[PDB]
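**Student:** The structure is given below, and queries will be raised subsequently.
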Amino acid sequence: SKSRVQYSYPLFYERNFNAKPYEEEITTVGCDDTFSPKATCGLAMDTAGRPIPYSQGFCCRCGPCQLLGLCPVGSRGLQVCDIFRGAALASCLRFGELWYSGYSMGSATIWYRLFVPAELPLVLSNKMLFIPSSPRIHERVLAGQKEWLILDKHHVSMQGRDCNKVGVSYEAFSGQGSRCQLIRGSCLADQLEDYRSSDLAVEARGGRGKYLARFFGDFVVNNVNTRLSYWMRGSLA
């Protein structure tokens, strides 16, 4: 007669997020950062053949990094002063092999069959669910729910205009103030890979994981009419 309490949330696809974006450095004719296909990083294009703004990266020369103790250790410009002075180095935003699908979530809707509940349903509205989506044949994609991640929307940059957030893109990468006097790889911190790695390490240390979906509970994704559901511990009142 009695059934278990169920909590379902509607899933809303947002975009694909790269697991670990990285900065490729190209040694240099000379360094070209012009909005043309002649650029060192090269121009990226949408499926319509339109150039993606800020995709050509930027060049960095020694510059004021010449002056002892002005630029921080490991900065873009400083690397030119030391190994390639006179020349310029291209900073290119590149995307890793692995990609995740980002889903926004709605409100929890209770379910039963034969009122105050035992456990209160978790707020998933202000969070985002990440599921490995490509290259498909990849270990992580095959690994299923084990590899899903759940982050607060605060850690996500939807449009990619914000540095050190999930979904960071060309707009945030160039457009960094004083970019050449900044550390190599700046802006590409706190990514999905970092969120996973931080959990796996803390887990091996016998600590509480905070990002992977498994630390939130055991879920089920059904393609009805798509929803994300979990079973509440306990029973009806």
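Quick note on naming: the chains in the structure tokens go A, B, ... in the order shown, residues restart at 1 in each chain, and ligands are numbered from 1 in order of appearance.
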For residue 114 in chain A, please output as a list in words all residues within 10 Å (counting only C-alpha atoms; exclusion window: fewer than 5 positions along the same chain).
**Tutor:**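 After dropping sequence-adjacent residues, the list is residues 1, 2, 3 and 236 of chain A.
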**Student:** Please produce a file of those selected residues containing N, CA, C and O atoms, as an mmCIF file, in the first residue's frame.
**Tutor:**
```
data_model
loop_
_atom_site.group_PDB
_atom_site.id
_atom_site.type_symbol
_atom_site.label_atom_id
_atom_site.label_comp_id
_atom_site.auth_asym_id
_atom_site.auth_seq_id
_atom_site.Cartn_x
_atom_site.Cartn_y
_atom_site.Cartn_z
ATOM 1 N N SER A 1 0.820 -1.211 0.000
ATOM 2 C CA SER A 1 0.000 0.000 0.000
ATOM 3 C C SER A 1 0.863 1.275 0.000
ATOM 4 O O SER A 1 0.640 2.165 -0.825
ATOM 5 N N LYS A 2 1.855 1.339 0.918
ATOM 6 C CA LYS A 2 2.782 2.462 1.101
ATOM 7 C C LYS A 2 3.897 2.481 0.048
ATOM 8 O O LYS A 2 4.430 1.427 -0.325
ATOM 9 N N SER A 3 4.249 3.701 -0.413
ATOM 10 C CA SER A 3 5.331 3.979 -1.367
ATOM 11 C C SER A 3 6.369 4.892 -0.689
ATOM 12 O O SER A 3 6.106 5.427 0.396
ATOM 13 N N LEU A 236 6.134 8.267 5.095
ATOM 14 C CA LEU A 236 4.921 9.096 5.254
ATOM 15 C C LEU A 236 4.422 9.369 6.685
ATOM 16 O O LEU A 236 4.619 8.551 7.586
#
```
**Student:** Need the shell around residue 34 in chain A: protein/DNA/RNA residues with any atom at most 10 Å away, counting only C-alpha atoms. Skip same-chain ones fewer than 3 positions apart. Format as number ranges by chain?
**Tutor:** A: 31, 37-43, 54, 56-59
**Student:** Restricted to N, CA and C atoms, what would the selected residues look like written as a PDB file, in the first residue's frame?
**Tutor:**
```
ATOM      1  N   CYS A  31      54.756  37.561 -33.683  1.00  0.00           N
ATOM      2  CA  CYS A  31      53.474  37.374 -32.996  1.00  0.00           C
ATOM      3  C   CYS A  31      52.383  38.264 -33.564  1.00  0.00           C
ATOM      4  N   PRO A  37      42.504  35.760 -39.896  1.00  0.00           N
ATOM      5  CA  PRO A  37      42.962  34.352 -39.812  1.00  0.00           C
ATOM      6  C   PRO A  37      44.488  34.200 -39.754  1.00  0.00           C
ATOM      7  N   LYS A  38      45.213  35.321 -39.981  1.00  0.00           N
ATOM      8  CA  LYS A  38      46.671  35.444 -39.939  1.00  0.00           C
ATOM      9  C   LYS A  38      47.249  35.475 -38.505  1.00  0.00           C
ATOM     10  N   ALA A  39      46.380  35.470 -37.468  1.00  0.00           N
ATOM     11  CA  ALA A  39      46.770  35.495 -36.056  1.00  0.00           C
ATOM     12  C   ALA A  39      47.516  34.225 -35.652  1.00  0.00           C
ATOM     13  N   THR A  40      48.433  34.343 -34.679  1.00  0.00           N
ATOM     14  CA  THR A  40      49.269  33.251 -34.176  1.00  0.00           C
ATOM     15  C   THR A  40      48.432  32.098 -33.598  1.00  0.00           C
ATOM     16  N   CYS A  41      47.416  32.407 -32.755  1.00  0.00           N
ATOM     17  CA  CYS A  41      46.504  31.398 -32.181  1.00  0.00           C
ATOM     18  C   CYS A  41      45.536  30.968 -33.258  1.00  0.00           C
ATOM     19  N   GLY A  42      45.302  31.864 -34.201  1.00  0.00           N
ATOM     20  CA  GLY A  42      44.336  31.682 -35.269  1.00  0.00           C
ATOM     21  C   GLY A  42      42.958  32.139 -34.828  1.00  0.00           C
ATOM     22  N   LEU A  43      42.087  32.435 -35.798  1.00  0.00           N
ATOM     23  CA  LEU A  43      40.723  32.856 -35.526  1.00  0.00           C
ATOM     24  C   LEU A  43      39.790  31.649 -35.412  1.00  0.00           C
ATOM     25  N   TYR A  54      37.552  37.762 -29.694  1.00  0.00           N
ATOM     26  CA  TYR A  54      38.556  37.490 -28.662  1.00  0.00           C
ATOM     27  C   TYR A  54      39.217  36.093 -28.779  1.00  0.00           C
ATOM     28  N   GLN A  56      41.418  35.014 -30.981  1.00  0.00           N
ATOM     29  CA  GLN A  56      42.798  35.080 -31.496  1.00  0.00           C
ATOM     30  C   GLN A  56      43.865  35.257 -30.391  1.00  0.00           C
ATOM     31  N   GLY A  57      43.418  35.344 -29.142  1.00  0.00           N
ATOM     32  CA  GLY A  57      44.292  35.519 -27.990  1.00  0.00           C
ATOM     33  C   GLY A  57      44.880  36.908 -27.912  1.00  0.00           C
ATOM     34  N   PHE A  58      46.147  36.990 -27.458  1.00  0.00           N
ATOM     35  CA  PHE A  58      46.959  38.203 -27.282  1.00  0.00           C
ATOM     36  C   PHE A  58      48.465  37.901 -27.204  1.00  0.00           C
ATOM     37  N   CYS A  59      49.289  38.888 -27.574  1.00  0.00           N
ATOM     38  CA  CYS A  59      50.743  38.785 -27.541  1.00  0.00           C
ATOM     39  C   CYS A  59      51.247  39.438 -26.297  1.00  0.00           C
TER      40      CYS A  59
END
```
**Student:** What is the CA of residue 118 in chain A to CA of residue 218 in chain A distance in Å?
**Tutor:** 17.5 Å
**Student:** In Å, with one decimal, what is the gap from CA of residue 105 in chain A to CA of residue 127 in chain A?
**Tutor:**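 Calculated distance between CA of residue 105 in chain A and CA of residue 127 in chain A is 7.0 Å.
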**Student:** Go through A:14, A:23, A:50, A:235 and flag the residue nearest residue 36 in chain A, using only C-alpha atoms for the distances.
**Tutor:**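 Between A:14, A:23, A:50, A:235, the residue approaching residue 36 in chain A most closely is A:50.
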**Student:** From the DSSP assignment of the backbone, select every residue of range 39-117 of chain A that is strand (DSSP E), and format the answer as an MDAnalysis selection string.
**Tutor:** chainID A and resid 58:61 88:94 99:105 109:111
**Student:** Store the residues of this selection in a file with N, CA and C atoms, as a PDB file, in the first residue's frame.
**Tutor:**
```
ATOM      1  N   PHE A  58      46.147  36.990 -27.458  1.00  0.00           N
ATOM      2  CA  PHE A  58      46.959  38.203 -27.282  1.00  0.00           C
ATOM      3  C   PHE A  58      48.465  37.901 -27.204  1.00  0.00           C
ATOM      4  N   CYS A  59      49.289  38.888 -27.574  1.00  0.00           N
ATOM      5  CA  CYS A  59      50.743  38.785 -27.541  1.00  0.00           C
ATOM      6  C   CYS A  59      51.247  39.438 -26.297  1.00  0.00           C
ATOM      7  N   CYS A  60      52.406  38.968 -25.833  1.00  0.00           N
ATOM      8  CA  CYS A  60      53.079  39.491 -24.661  1.00  0.00           C
ATOM      9  C   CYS A  60      54.545  39.644 -24.931  1.00  0.00           C
ATOM     10  N   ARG A  61      55.074  40.831 -24.669  1.00  0.00           N
ATOM     11  CA  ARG A  61      56.492  41.131 -24.808  1.00  0.00           C
ATOM     12  C   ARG A  61      56.997  41.417 -23.409  1.00  0.00           C
ATOM     13  N   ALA A  88      58.080  38.221 -28.919  1.00  0.00           N
ATOM     14  CA  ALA A  88      56.768  38.231 -28.277  1.00  0.00           C
ATOM     15  C   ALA A  88      56.198  36.816 -28.214  1.00  0.00           C
ATOM     16  N   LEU A  89      55.444  36.519 -27.149  1.00  0.00           N
ATOM     17  CA  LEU A  89      54.796  35.228 -26.987  1.00  0.00           C
ATOM     18  C   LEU A  89      53.281  35.370 -27.003  1.00  0.00           C
ATOM     19  N   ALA A  90      52.627  34.499 -27.779  1.00  0.00           N
ATOM     20  CA  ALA A  90      51.179  34.462 -27.904  1.00  0.00           C
ATOM     21  C   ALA A  90      50.578  33.654 -26.774  1.00  0.00           C
ATOM     22  N   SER A  91      49.499  34.186 -26.179  1.00  0.00           N
ATOM     23  CA  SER A  91      48.721  33.559 -25.112  1.00  0.00           C
ATOM     24  C   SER A  91      47.429  33.110 -25.775  1.00  0.00           C
ATOM     25  N   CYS A  92      47.182  31.793 -25.832  1.00  0.00           N
ATOM     26  CA  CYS A  92      45.985  31.278 -26.493  1.00  0.00           C
ATOM     27  C   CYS A  92      45.134  30.465 -25.568  1.00  0.00           C
ATOM     28  N   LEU A  93      43.822  30.741 -25.545  1.00  0.00           N
ATOM     29  CA  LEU A  93      42.935  29.930 -24.723  1.00  0.00           C
ATOM     30  C   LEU A  93      42.565  28.693 -25.520  1.00  0.00           C
ATOM     31  N   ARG A  94      42.847  27.540 -24.936  1.00  0.00           N
ATOM     32  CA  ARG A  94      42.560  26.264 -25.560  1.00  0.00           C
ATOM     33  C   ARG A  94      41.687  25.455 -24.625  1.00  0.00           C
ATOM     34  N   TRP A  99      34.503  17.423 -22.052  1.00  0.00           N
ATOM     35  CA  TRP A  99      33.421  18.400 -21.933  1.00  0.00           C
ATOM     36  C   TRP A  99      32.272  17.849 -21.079  1.00  0.00           C
ATOM     37  N   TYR A 100      31.579  18.736 -20.351  1.00  0.00           N
ATOM     38  CA  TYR A 100      30.443  18.425 -19.480  1.00  0.00           C
ATOM     39  C   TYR A 100      29.197  19.195 -19.936  1.00  0.00           C
ATOM     40  N   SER A 101      27.999  18.628 -19.724  1.00  0.00           N
ATOM     41  CA  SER A 101      26.748  19.302 -20.039  1.00  0.00           C
ATOM     42  C   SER A 101      26.185  19.938 -18.762  1.00  0.00           C
ATOM     43  N   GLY A 102      25.950  21.247 -18.808  1.00  0.00           N
ATOM     44  CA  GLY A 102      25.433  21.992 -17.669  1.00  0.00           C
ATOM     45  C   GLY A 102      23.930  22.074 -17.685  1.00  0.00           C
ATOM     46  N   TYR A 103      23.278  21.730 -16.549  1.00  0.00           N
ATOM     47  CA  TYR A 103      21.815  21.760 -16.395  1.00  0.00           C
ATOM     48  C   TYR A 103      21.414  22.576 -15.199  1.00  0.00           C
ATOM     49  N   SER A 104      20.474  23.501 -15.382  1.00  0.00           N
ATOM     50  CA  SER A 104      19.911  24.309 -14.302  1.00  0.00           C
ATOM     51  C   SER A 104      18.770  23.483 -13.711  1.00  0.00           C
ATOM     52  N   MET A 105      18.377  23.753 -12.462  1.00  0.00           N
ATOM     53  CA  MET A 105      17.334  22.930 -11.847  1.00  0.00           C
ATOM     54  C   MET A 105      16.203  23.742 -11.273  1.00  0.00           C
ATOM     55  N   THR A 109       9.360  18.786  -6.257  1.00  0.00           N
ATOM     56  CA  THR A 109       7.937  18.438  -6.203  1.00  0.00           C
ATOM     57  C   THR A 109       7.812  17.045  -5.549  1.00  0.00           C
ATOM     58  N   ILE A 110       7.093  16.969  -4.406  1.00  0.00           N
ATOM     59  CA  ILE A 110       6.907  15.738  -3.619  1.00  0.00           C
ATOM     60  C   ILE A 110       6.029  14.705  -4.357  1.00  0.00           C
ATOM     61  N   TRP A 111       6.251  13.398  -4.075  1.00  0.00           N
ATOM     62  CA  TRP A 111       5.488  12.277  -4.637  1.00  0.00           C
ATOM     63  C   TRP A 111       5.340  11.119  -3.648  1.00  0.00           C
TER      64      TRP A 111
END
```
**Student:** Mind checking DSSP for range 36-227 of chain A and telling me the helix (DSSP H, G or I) residues as a ChimeraX atom specification?
**Tutor:** /A:63-66,76-83,139-142,144-147,153-155,170-173,179-181,192-204,213-215
**Student:** Env of range 163-179 of chain A: 6 Å cut, atoms = only C-alpha atoms, seq-sep filter 2 positions within chain, self excluded. Answer as a list in words.
**Tutor:**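 Counting only C-alpha atoms, the residues come to residues 17, 54, 55, 155, 156, 157, 158, 160, 161, 181, 182, 187, 188, 189, 190 and 191 of chain A.
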**Student:** Quick one: everything within 12 Å of residue 6 in chain A, counting only C-alpha atoms, minus sequence neighbours fewer than 5 positions away in the same chain. Send it as a PDB file with N, CA and C atoms, in the first residue's frame.
**Tutor:**
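The file below, around24.pdb, is the result:
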```pdb
ATOM      1  N   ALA A 108      11.697  21.404  -6.056  1.00  0.00           N
ATOM      2  CA  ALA A 108      11.382  20.025  -5.705  1.00  0.00           C
ATOM      3  C   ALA A 108       9.878  19.846  -5.616  1.00  0.00           C
ATOM      4  N   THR A 109       9.360  18.786  -6.257  1.00  0.00           N
ATOM      5  CA  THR A 109       7.937  18.438  -6.203  1.00  0.00           C
ATOM      6  C   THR A 109       7.812  17.045  -5.549  1.00  0.00           C
ATOM      7  N   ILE A 110       7.093  16.969  -4.406  1.00  0.00           N
ATOM      8  CA  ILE A 110       6.907  15.738  -3.619  1.00  0.00           C
ATOM      9  C   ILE A 110       6.029  14.705  -4.357  1.00  0.00           C
ATOM     10  N   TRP A 111       6.251  13.398  -4.075  1.00  0.00           N
ATOM     11  CA  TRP A 111       5.488  12.277  -4.637  1.00  0.00           C
ATOM     12  C   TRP A 111       5.340  11.119  -3.648  1.00  0.00           C
ATOM     13  N   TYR A 112       4.148  10.476  -3.657  1.00  0.00           N
ATOM     14  CA  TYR A 112       3.753   9.282  -2.892  1.00  0.00           C
ATOM     15  C   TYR A 112       2.451   8.656  -3.441  1.00  0.00           C
ATOM     16  N   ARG A 113       2.082   7.446  -2.941  1.00  0.00           N
ATOM     17  CA  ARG A 113       0.866   6.705  -3.318  1.00  0.00           C
ATOM     18  C   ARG A 113       0.443   5.705  -2.237  1.00  0.00           C
ATOM     19  N   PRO A 117       7.017  16.571   5.801  1.00  0.00           N
ATOM     20  CA  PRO A 117       7.919  15.447   5.498  1.00  0.00           C
ATOM     21  C   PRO A 117       8.993  15.172   6.552  1.00  0.00           C
ATOM     22  N   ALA A 118       9.587  13.952   6.493  1.00  0.00           N
ATOM     23  CA  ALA A 118      10.661  13.488   7.375  1.00  0.00           C
ATOM     24  C   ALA A 118      11.905  14.354   7.126  1.00  0.00           C
ATOM     25  N   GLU A 119      12.577  14.151   5.969  1.00  0.00           N
ATOM     26  CA  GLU A 119      13.732  14.944   5.539  1.00  0.00           C
ATOM     27  C   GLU A 119      13.233  16.050   4.606  1.00  0.00           C
ATOM     28  N   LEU A 120      13.727  17.280   4.797  1.00  0.00           N
ATOM     29  CA  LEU A 120      13.343  18.393   3.931  1.00  0.00           C
ATOM     30  C   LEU A 120      14.104  18.286   2.585  1.00  0.00           C
ATOM     31  N   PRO A 121      13.425  18.462   1.419  1.00  0.00           N
ATOM     32  CA  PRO A 121      14.135  18.322   0.132  1.00  0.00           C
ATOM     33  C   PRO A 121      15.229  19.366  -0.050  1.00  0.00           C
ATOM     34  N   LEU A 122      16.367  18.974  -0.671  1.00  0.00           N
ATOM     35  CA  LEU A 122      17.488  19.904  -0.862  1.00  0.00           C
ATOM     36  C   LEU A 122      17.217  20.937  -1.929  1.00  0.00           C
ATOM     37  N   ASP A 218      21.892   9.713  -4.167  1.00  0.00           N
ATOM     38  CA  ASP A 218      21.750   8.826  -5.322  1.00  0.00           C
ATOM     39  C   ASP A 218      20.533   9.312  -6.084  1.00  0.00           C
ATOM     40  N   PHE A 219      20.759   9.722  -7.338  1.00  0.00           N
ATOM     41  CA  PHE A 219      19.751  10.323  -8.201  1.00  0.00           C
ATOM     42  C   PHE A 219      19.357   9.443  -9.374  1.00  0.00           C
ATOM     43  N   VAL A 220      18.283   9.836 -10.079  1.00  0.00           N
ATOM     44  CA  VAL A 220      17.767   9.173 -11.283  1.00  0.00           C
ATOM     45  C   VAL A 220      17.258  10.195 -12.280  1.00  0.00           C
ATOM     46  N   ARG A 227      13.618  15.106 -16.004  1.00  0.00           N
ATOM     47  CA  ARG A 227      13.604  15.387 -14.560  1.00  0.00           C
ATOM     48  C   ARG A 227      14.744  14.652 -13.848  1.00  0.00           C
ATOM     49  N   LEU A 228      15.146  15.165 -12.666  1.00  0.00           N
ATOM     50  CA  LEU A 228      16.160  14.578 -11.787  1.00  0.00           C
ATOM     51  C   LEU A 228      15.458  14.295 -10.476  1.00  0.00           C
ATOM     52  N   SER A 229      15.459  13.020 -10.067  1.00  0.00           N
ATOM     53  CA  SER A 229      14.783  12.572  -8.849  1.00  0.00           C
ATOM     54  C   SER A 229      15.677  11.792  -7.888  1.00  0.00           C
ATOM     55  N   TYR A 230      15.311  11.819  -6.603  1.00  0.00           N
ATOM     56  CA  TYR A 230      15.974  11.068  -5.544  1.00  0.00           C
ATOM     57  C   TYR A 230      14.935  10.602  -4.511  1.00  0.00           C
ATOM     58  N   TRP A 231      15.242   9.504  -3.792  1.00  0.00           N
ATOM     59  CA  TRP A 231      14.346   8.955  -2.775  1.00  0.00           C
ATOM     60  C   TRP A 231      14.673   9.488  -1.378  1.00  0.00           C
ATOM     61  N   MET A 232      13.671  10.074  -0.713  1.00  0.00           N
ATOM     62  CA  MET A 232      13.810  10.614   0.636  1.00  0.00           C
ATOM     63  C   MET A 232      13.889   9.476   1.655  1.00  0.00           C
ATOM     64  N   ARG A 233      14.875   9.550   2.572  1.00  0.00           N
ATOM     65  CA  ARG A 233      15.065   8.553   3.633  1.00  0.00           C
ATOM     66  C   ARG A 233      13.951   8.674   4.696  1.00  0.00           C
ATOM     67  N   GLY A 234      13.299   7.550   4.987  1.00  0.00           N
ATOM     68  CA  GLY A 234      12.187   7.471   5.933  1.00  0.00           C
ATOM     69  C   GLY A 234      10.882   7.145   5.232  1.00  0.00           C
ATOM     70  N   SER A 235       9.727   7.537   5.839  1.00  0.00           N
ATOM     71  CA  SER A 235       8.395   7.323   5.246  1.00  0.00           C
ATOM     72  C   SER A 235       7.310   8.288   5.771  1.00  0.00           C
ATOM     73  N   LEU A 236       6.134   8.267   5.095  1.00  0.00           N
ATOM     74  CA  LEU A 236       4.921   9.096   5.254  1.00  0.00           C
ATOM     75  C   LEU A 236       4.422   9.369   6.685  1.00  0.00           C
TER      76      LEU A 236
END
```
**Student:** Identify which of the residues A:73, A:223, A:147, A:162 lies closest to residue 200 in chain A, counting only C-alpha atoms when measuring atom-to-atom distances.
**Tutor:**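 Going through A:73, A:223, A:147, A:162 one by one, the smallest distance to residue 200 in chain A is for A:147.
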**Student:** Go through A:49, A:10, A:207, A:63 and flag the residue nearest residue 107 in chain A, using only C-alpha atoms for the distances.
**Tutor:**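 The shortest atom-to-atom distance to residue 107 in chain A comes from A:10.
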**Student:** For a quick check of understanding, using only C-alpha atoms, which of A:25, A:193, A:139, A:46 has the smallest distance to residue 96 in chain A?
**Tutor:**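 Of the candidates, the smallest distance to residue 96 in chain A is held by A:193.
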**Student:** Could you check which of A:115, A:211, A:7, A:148 is closest to residue 131 in chain A, using only C-alpha atoms?
**Tutor:**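 Of A:115, A:211, A:7, A:148, the one nearest residue 131 in chain A is A:148, counting only C-alpha atoms.
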**Student:** When you draw a straight line from CA of residue 80 in chain A to CA of residue 185 in chain A, how long is it in Å?
**Tutor:** 14.8 Å
**Student:** Measuring between only C-alpha atoms, which one of A:143, A:153, A:124, A:237 shows the shortest distance to residue 216 in chain A?
**Tutor:** A:124
